[PDB]
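K.L.:
Okay, so here is target-v8.csv, and as you'll see once you scroll down, it has CSV, N, CA and C atoms.
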```csv
chain,number,residue,atom,x,y,z
I,1,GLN,N,83.6,113.6,106.6
I,1,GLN,CA,84.3,112.4,106.1
I,1,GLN,C,85.7,112.8,105.6
I,2,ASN,N,86.1,112.3,104.5
I,2,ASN,CA,87.3,112.6,103.7
I,2,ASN,C,86.8,113.5,102.6
I,3,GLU,N,86.2,114.7,103.1
I,3,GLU,CA,85.4,115.6,102.3
I,3,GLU,C,86.0,116.1,101.0
I,4,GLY,N,87.3,115.9,100.8
I,4,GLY,CA,87.9,116.1,99.5
I,4,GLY,C,87.9,114.8,98.8
I,5,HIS,N,89.0,114.0,98.9
I,5,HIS,CA,89.3,112.7,98.3
I,5,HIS,C,90.7,112.4,98.7
I,6,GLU,N,91.3,111.3,98.2
I,6,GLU,CA,92.7,111.0,98.3
I,6,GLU,C,93.5,111.9,97.5
I,7,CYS,N,94.0,113.0,98.1
I,7,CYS,CA,94.8,114.0,97.5
I,7,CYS,C,96.0,113.4,96.7
I,8,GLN,N,96.9,112.8,97.5
I,8,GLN,CA,98.2,112.2,97.1
I,8,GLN,C,99.1,113.1,96.2
I,9,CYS,N,98.7,114.4,95.9
I,9,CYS,CA,99.4,115.4,95.3
I,9,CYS,C,100.9,115.5,95.7
I,10,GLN,N,101.8,115.3,94.7
I,10,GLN,CA,103.3,115.3,95.0
I,10,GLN,C,103.8,116.7,95.4
I,11,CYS,N,103.0,117.7,95.7
I,11,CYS,CA,103.4,119.0,96.2
I,11,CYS,C,103.8,118.8,97.6
I,12,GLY,N,104.9,119.3,98.0
I,12,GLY,CA,105.3,119.4,99.4
I,12,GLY,C,104.2,120.0,100.3
I,13,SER,N,103.5,121.1,99.7
I,13,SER,CA,102.5,121.8,100.4
I,13,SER,C,101.3,121.0,100.7
I,14,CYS,N,101.1,119.9,99.9
I,14,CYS,CA,100.1,118.8,100.1
I,14,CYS,C,100.7,117.7,101.0
I,15,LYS,N,101.8,117.1,100.6
I,15,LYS,CA,102.6,116.0,101.2
I,15,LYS,C,103.2,116.5,102.5
I,16,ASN,N,102.4,116.8,103.5
I,16,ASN,CA,102.8,117.3,104.8
I,16,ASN,C,101.6,117.3,105.8
I,17,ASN,N,100.4,117.6,105.2
I,17,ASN,CA,99.2,117.9,106.0
I,17,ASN,C,98.2,116.8,105.7
I,18,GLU,N,98.0,115.9,106.7
I,18,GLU,CA,97.0,114.8,106.5
I,18,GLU,C,95.6,115.4,106.4
I,19,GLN,N,95.4,116.6,106.8
I,19,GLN,CA,94.2,117.4,106.5
I,19,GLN,C,93.9,117.3,105.0
I,20,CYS,N,94.8,117.9,104.2
I,20,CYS,CA,94.6,117.9,102.7
I,20,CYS,C,94.6,116.5,102.2
I,21,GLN,N,95.4,115.7,102.7
I,21,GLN,CA,95.5,114.3,102.2
I,21,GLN,C,94.2,113.7,101.9
I,22,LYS,N,93.2,113.9,102.8
I,22,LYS,CA,91.9,113.4,102.8
I,22,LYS,C,90.9,114.5,102.4
I,23,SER,N,91.2,115.8,102.7
I,23,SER,CA,90.4,117.0,102.5
I,23,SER,C,91.1,118.0,101.6
I,24,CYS,N,91.4,117.5,100.4
I,24,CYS,CA,92.0,118.3,99.3
I,24,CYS,C,91.0,118.4,98.1
I,25,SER,N,91.1,119.5,97.4
I,25,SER,CA,90.2,119.8,96.3
I,25,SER,C,90.9,120.1,95.0
I,26,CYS,N,91.9,119.2,94.7
I,26,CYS,CA,92.7,119.3,93.5
I,26,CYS,C,92.5,118.1,92.6
I,27,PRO,N,92.8,118.2,91.3
I,27,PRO,CA,92.8,117.0,90.4
I,27,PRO,C,94.0,116.2,90.6
I,28,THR,N,94.0,115.0,90.1
I,28,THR,CA,95.1,114.0,90.2
I,28,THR,C,96.5,114.5,89.7
I,29,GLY,N,96.3,115.4,88.7
I,29,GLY,CA,97.5,116.1,88.1
I,29,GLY,C,98.2,117.0,89.0
I,30,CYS,N,97.6,117.4,90.2
I,30,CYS,CA,98.2,118.4,91.0
I,30,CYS,C,99.5,117.9,91.7
I,31,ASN,N,100.6,118.0,91.0
I,31,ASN,CA,101.9,117.6,91.5
I,31,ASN,C,102.9,118.7,91.2
I,32,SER,N,102.5,120.0,91.5
I,32,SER,CA,103.2,121.2,91.2
I,32,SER,C,102.5,122.3,92.0
I,33,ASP,N,103.2,123.2,92.7
I,33,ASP,CA,102.7,124.3,93.5
I,33,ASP,C,102.0,125.3,92.6
I,34,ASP,N,102.6,125.6,91.5
I,34,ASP,CA,102.1,126.4,90.3
I,34,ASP,C,100.6,126.1,90.1
I,35,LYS,N,100.3,124.8,90.0
I,35,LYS,CA,98.9,124.3,89.8
I,35,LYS,C,98.4,123.5,91.1
I,36,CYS,N,98.5,124.1,92.2
I,36,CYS,CA,98.0,123.6,93.5
I,36,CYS,C,96.8,124.4,93.9
I,37,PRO,N,95.5,124.0,93.5
I,37,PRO,CA,94.3,124.7,94.0
I,37,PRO,C,93.9,124.3,95.4
I,38,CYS,N,94.7,123.5,96.1
I,38,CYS,CA,94.4,123.0,97.5
I,38,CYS,C,94.1,124.1,98.5
I,39,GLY,N,92.9,123.9,99.2
I,39,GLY,CA,92.5,124.8,100.2
I,39,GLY,C,93.1,124.5,101.6
I,40,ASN,N,94.4,124.1,101.6
I,40,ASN,CA,95.2,123.8,102.8
I,40,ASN,C,96.6,124.1,102.3
```
Let me see the file written as structure tokens.
P.N.:
Amino acid sequence: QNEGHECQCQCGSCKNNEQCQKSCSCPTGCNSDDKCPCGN
């Protein structure tokens, strides 16, 4: 499915890969590379 959730993380590292967009494992707060726990 969208095995993560709606990522929407304002991190460039997120905001590029539609993989993480739906398959990201970060909290809503993740809008900073510093605090990007994303497995993509």
K.L.:
One decimal, Å: what's the distance from atom C of residue 22 of chain I over to atom C of residue 34 of chain I, could you say?
P.N.:
19.5 Å
K.L.:
Could you list as a PyMOL selection string every residue that has an atom within 8 Å of (104.5, 124.1, 93.7), using the file's coordinates and counting only N, CA and C atoms?
P.N.:
chain I and resi 10-13+31-36
K.L.:
Could those selected residues go to a file with N, CA and C atoms, as a short mmCIF file (atom, residue, chain, number, x, y, z; two decimals), in the coordinates of the input?
P.N.:
```
data_model
loop_
_atom_site.label_atom_id
_atom_site.label_comp_id
_atom_site.auth_asym_id
_atom_site.auth_seq_id
_atom_site.Cartn_x
_atom_site.Cartn_y
_atom_site.Cartn_z
N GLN I 10 101.80 115.30 94.70
CA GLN I 10 103.30 115.30 95.00
C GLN I 10 103.80 116.70 95.40
N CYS I 11 103.00 117.70 95.70
CA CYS I 11 103.40 119.00 96.20
C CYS I 11 103.80 118.80 97.60
N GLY I 12 104.90 119.30 98.00
CA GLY I 12 105.30 119.40 99.40
C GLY I 12 104.20 120.00 100.30
N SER I 13 103.50 121.10 99.70
CA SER I 13 102.50 121.80 100.40
C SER I 13 101.30 121.00 100.70
N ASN I 31 100.60 118.00 91.00
CA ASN I 31 101.90 117.60 91.50
C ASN I 31 102.90 118.70 91.20
N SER I 32 102.50 120.00 91.50
CA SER I 32 103.20 121.20 91.20
C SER I 32 102.50 122.30 92.00
N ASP I 33 103.20 123.20 92.70
CA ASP I 33 102.70 124.30 93.50
C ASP I 33 102.00 125.30 92.60
N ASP I 34 102.60 125.60 91.50
CA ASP I 34 102.10 126.40 90.30
C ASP I 34 100.60 126.10 90.10
N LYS I 35 100.30 124.80 90.00
CA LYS I 35 98.90 124.30 89.80
C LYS I 35 98.40 123.50 91.10
N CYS I 36 98.50 124.10 92.20
CA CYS I 36 98.00 123.60 93.50
C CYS I 36 96.80 124.40 93.90
#
```
K.L.:
For residue 5 of chain I, please output as a ChimeraX atom specification all residues within 8 Å (counting only N, CA and C atoms; exclusion window: fewer than 6 positions along the same chain).
P.N.:
/I:20-26
K.L.:
How many Å separate atom CA of residue 29 of chain I from atom CA of residue 14 of chain I?
P.N.:
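It comes out at 12.6 Å.
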K.L.:
Could you give me, as a PyMOL selection string, the residues within 8 Å of residue 28 of chain I, counting all atoms listed in the file and dropping anything in the same chain fewer than 4 positions from it?
P.N.:
chain I and resi 6-10
K.L.:
How many Å lie between atom CA of residue 2 of chain I and atom C of residue 37 of chain I, rounded to one decimal?
P.N.:
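If I compute the distance from atom CA of residue 2 of chain I to atom C of residue 37 of chain I, I get 15.8 Å.
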K.L.:
Write out as a list in words the set of residues from chain I that DSSP, computed on the backbone, places in alpha helix (DSSP H).
P.N.:
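Assigned to alpha helix (DSSP H), within chain I: residues 18, 19, 20, 21 and 22 of chain I.
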